[PDB]
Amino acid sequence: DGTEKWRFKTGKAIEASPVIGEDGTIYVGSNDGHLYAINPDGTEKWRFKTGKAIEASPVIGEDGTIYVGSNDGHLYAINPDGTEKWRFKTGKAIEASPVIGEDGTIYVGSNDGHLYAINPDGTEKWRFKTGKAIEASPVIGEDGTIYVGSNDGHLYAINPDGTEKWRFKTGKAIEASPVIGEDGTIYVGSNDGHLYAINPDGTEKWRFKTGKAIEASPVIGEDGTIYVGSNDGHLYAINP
């Protein structure tokens, strides 16, 4: 019917989608700086205040921990009861959701330029410096490789140990996460106008030219077609 079941009021705009935990608790971040945990009936289970607006959806670990990045520059790990498990400070805002690896390692990009890998107990496992701010979420390959784009124009493939597997130079800032095809091909769009297809070894498979910047990730069809939007007003379907 499309009728309102309930509405929950936070202090400022909600910019990131909510996420539902396994017991039905709904979590949403708000530009008022708080992460909210809402019961299915619409009543606040708890709030948790960070220092500034939360732009990115939170992410839930298998033990129920809630991970959220804040414009205050910290990644917060929050217990299911709303108490603080730990906080991990990067130097500038965190604009995109963290990602959790198989072993529970939490990867998060920061506007300070680094990709951070954080242990389940909150200590730094390592950092990886790039040229400029990281705007989009990292993506993990089937073999444990962590791919991350940077406003430095480069796509970085990072080993689980923190060392560089390789980098790939595009002409201009990358604003969106890459996507991994069925055969390990890594697709990523750049402000240079090109959609790039990278082989798992870091070599360029091909590149597809549009007229203006590509600002959202591509998505891959059942038959492997890659669909990408461009700032030139078109959606492109590209043969593999």
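Residue indices: 1-based, along the sequence shown.
Tell me which of 149-157 and 120-128 has the higher mean C-alpha B-factor in the deposited entry.
Mean CA B-factor is higher for 120-128.
Mind checking which third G144 falls in for C-alpha B-factor across the chain?
Highest third of the chain for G144's C-alpha B-factor.
Going by what the PDB entry lists, where does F168 fall on CA B-factor within its chain: lowest, middle or highest third?
Middle third of the chain for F168's C-alpha B-factor.
By the recorded C-alpha temperature factor, relative to the other modelled residues in its chain, which third is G11 in?
Lowest third - that is where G11 ends up once the chain's C-alpha B-factors are sorted.
Against its chain's modelled residues, does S57's Cα B factor rank lowest, middle or highest third?
Its C-alpha B-factor, which the entry lists for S57, ranks in the lowest third among residues of this chain.
Tell me, lowest, middle or highest third: where does the Cα B factor of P200 rank within its chain?
Answer is middle: the recorded C-alpha B-factor places it there.
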